[PDB]
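Indexing begins at 1, ligand by ligand and atom by atom, following the structure's order. Heads up: numbering here begins at 1 and tracks the sequence. What's counted below: heavy atoms across the whole structure, side chains too, no hydrogens, waters or symmetry copies.
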Amino acid sequence: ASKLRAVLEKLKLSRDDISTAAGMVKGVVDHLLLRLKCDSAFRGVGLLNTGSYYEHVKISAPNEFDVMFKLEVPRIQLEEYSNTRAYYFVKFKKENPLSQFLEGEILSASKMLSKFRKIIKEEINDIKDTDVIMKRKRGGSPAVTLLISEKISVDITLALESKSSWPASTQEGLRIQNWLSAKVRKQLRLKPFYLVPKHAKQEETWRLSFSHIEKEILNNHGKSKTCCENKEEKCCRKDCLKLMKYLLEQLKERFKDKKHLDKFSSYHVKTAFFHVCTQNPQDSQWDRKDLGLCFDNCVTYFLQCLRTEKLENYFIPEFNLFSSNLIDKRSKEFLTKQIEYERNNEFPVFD
Ligand SMILES: O=C(O)c1cc(-c2ccccc2O)nc2c(Cl)cccc12
Ligand SMILES: [Zn+2]
């Protein structure tokens, strides 16, 4: 359990010490938000969280930022696309707020992004603060990727906010009743959800997003309400997730020449981690003294997901993130052997 401590402490100090990167991001974002609010289609745009500009998915990249701009859409009509459980058409039920994007009753996403990019394109050129350059690599969202200075990069995703109850494909998901209680699940399922532009594999579809729910679970994660509040008796749930995230980043980086790990992301490791939290609901099953063993249960469960080619979306049980149509067995067999090598040789990619 010793070397995992040193890894988590190197990540702690780089995450902690001073950097002007977050300040430059907030300046650019606020300039965009006031510019977008001056427009008819994006007058109600805004951050998901105020103060949360420096959201870091890549846990080893201090200069990579991930922000989400939300947009409230009253009376959303969701039409599931091709039984995909996660991809939806967006239609409308008496105003014309976003009506300048309708094609029929169906809301166009690629057109809303084009107007989203041009307005951001206008505010970027009108910047005298810092060197900011825009990139338009495909994939519906992240819609825009900005670059500030020679290190700071920001991915900006436009998201629609719905406040109706979650789509039916989520009814049997979020199985936290024996871990976080059934009453917390009812509270969380009363919160809004978000839709980002995404293709399953052309059409104008959107994907469900519950990252805000995941963030709230991570900050209130124990079966006991006082979990990790006695800072001398902290569980190792968050440390296991960091170690799982850092393992995949180091493997994706070590094999970026080959293409076998491009389909994998921290969301897969994050999803598998939540499933283990359901399997092991007791805080005693996450004792800080059992860091090595608890981290091994995560590596073990994730390895079984690769072999069986089964990883359920934590909110949508019927969506298999490891479907052979999403990731072929060659890629999953490749990742299975690389982790097994790291596990047996005491994770060399950690020092
Ligand atoms: O925002 C989220 O909650 C979120 C959802 C999904 C997802 C949802 C349904 C089906 C497949 C998916 O991959 N994937 C993500 C990835 Cl890959 C990266 C970051 C966030 C997400
Ligand atoms: Zn805890």
Side-chain angles (χ1 to χ4, degrees), residues 48 55-59 64 66-70 80-88 139-143 155-162 166-167 169-170 173-174 179-180 188 191-201 205-242 245 248-249 252 261-274 277 280-291 294 311-323 325-327:
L48 178 59
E55 299 222 324
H56 294 285
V57 168
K58 202 142 153 184
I59 221 63
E64 297 182 20
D66 199 80
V67 326
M68 170 168 296
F69 292 164
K70 86 169 199 175
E80 182 198 21
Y81 169 66
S82 182
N83 307 285
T84 53
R85 297 295 136 187
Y87 294 88
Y88 291 81
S141 44
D155 280 7
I156 304 176
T157 295
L158 181 68
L160 304 180
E161 184 181 73
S162 174
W166 296 5
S169 63
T170 72
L174 195 61
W179 166 34
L180 300 176
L188 295 175
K191 302 204 170 198
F193 63 95
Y194 300 87
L195 301 131
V196 308
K198 254 282 180 294
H199 311 125
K201 148 151 56 179
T205 53
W206 312 70
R207 186 162 76 185
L208 302 175
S209 176
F210 302 100
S211 297
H212 61 293
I213 303 300
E214 301 164 0
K215 184 181 188 178
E216 182 170 339
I217 293 179
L218 294 175
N219 293 325
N220 200 1
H221 56 255
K223 171 173 262 294
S224 175
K225 296 170 180 171
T226 54
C227 189
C228 289
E229 291 203 336
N230 188 325
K231 294 183 176 176
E232 297 164 333
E233 312 170 339
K234 287 200 169 186
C235 80
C236 63
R237 286 191 182 95
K238 260 182 172 172
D239 288 337
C240 285
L241 181 60
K242 287 178 169 59
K245 279 180 175 175
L248 179 58
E249 299 182 21
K252 284 174 60 67
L261 304 187
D262 295 1
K263 300 288 182 57
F264 299 107
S265 63
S266 73
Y267 184 83
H268 299 97
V269 133
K270 196 184 189 183
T271 295
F273 164 82
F274 283 132
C277 291
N280 306 315
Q282 301 299 327
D283 293 352
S284 56
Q285 293 172 283
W286 302 88
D287 195 332
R288 192 179 54 86
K289 322 186 183 189
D290 309 333
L291 169 61
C294 291
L311 177 57
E312 306 179 7
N313 185 293
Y314 198 73
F315 301 84
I316 310 161
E318 302 171 78
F319 196 96
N320 184 13
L321 303 168
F322 285 176
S323 145
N325 261 312
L326 294 179
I327 305 171

Should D283 and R237 be marked as a side-chain contact (heavy atoms from CB on, under 4.5 Å) after you check the CA-CA gap, both sets of side-chain angles, and the distance that decides it? CA-CA 9 Å; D283 293 352; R237 286 191 182 95; 2.8 Å; yes
Working note: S82 + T205, criterion side-chain contact (heavy atoms from CB on, under 4.5 Å); need CA distance, chi angles, decisive distance, verdict. CA-CA 10 Å; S82 182; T205 53; over 6 Å; no
Using side-chain contact (heavy atoms from CB on, under 4.5 Å), reason through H212 and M68 one step at a time and then give a plain yes or no. CA-CA 11 Å; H212 61 293; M68 170 168 296; over 6 Å; no
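Using a 4.0 Å cut-off between charged nitrogen and carboxylate oxygen, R288 and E233 do not count as a salt-bridge pair.
The single protein non-hydrogen atom nearest to atom 9 (C) of ligand 1 is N313 ND2, 3.2 Å, given as residue, atom name and distance. For atom 7 (C) of ligand 1, the nearest protein heavy atom (residue, atom name, distance) is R207 NE, 3.5 Å. Counting protein heavy atoms only, atom 1 (O) of ligand 1 is closest to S209 OG, 2.5 Å. At the top of the distance list for atom 10 (C) of ligand 1, counting protein heavy atoms only, stands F319 CE2, 3.4 Å. Counting protein heavy atoms only, atom 3 (O) of ligand 1 is closest to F210 N, 2.9 Å. Of all protein heavy atoms, the one closest to atom 4 (C) of ligand 1 is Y267 CE1, 3.5 Å.
Checking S169 against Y88 by side-chain atom types alone, a donor-acceptor pair falls below 3.5 Å.
Across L208 and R85, no two heavy atoms sit closer than the pair CD1-O, 4.3 Å. Contact detail for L180 and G222: the closest heavy-atom pair is CD2-O, 3.7 Å. Considering all non-hydrogen atoms of both residues, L248 and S266 come closest at CD2-N, 4.1 Å.
Contact annotation: for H268 versus ligand 1, there are no heavy atoms closer than 4.0 Å. Neither the backbone nor the side chain of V196 has a heavy atom within less than 4.0 Å of ligand 1. Using a 4.0 Å cut-off between heavy atoms, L321 contacts ligand 1 through its side chain alone, with no backbone atom that close.
Near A86, with a cut-off below 4.0 Å to any heavy atom, the atoms of ligand 1 are 9 (C), 10 (C). Close contacts of ligand 1 with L208, meaning ligand atoms under 4.0 Å from a residue heavy atom, involve 5 (C), 8 (C).
Counting only protein atoms, the N, O or S atoms lying less than 2.8 Å from the Zn ion (ligand 2) are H221 NE2, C227 SG, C228 SG, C235 SG, ordered by chain and residue number.
Enclosure of atom NZ in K198 by more than 12 non-hydrogen atoms of other residues, nucleotides or ligands within 6.0 angstrom is indicated.
Below 30°, between 30° and 60°, or above 60°: for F322 and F264 the angle between ring planes is above 60°, a perpendicular geometry.
If you run ring-ring contact (aromatic ring centres under 6.0 Å, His included) between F210 and each of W166, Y314, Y194, only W166 comes through.
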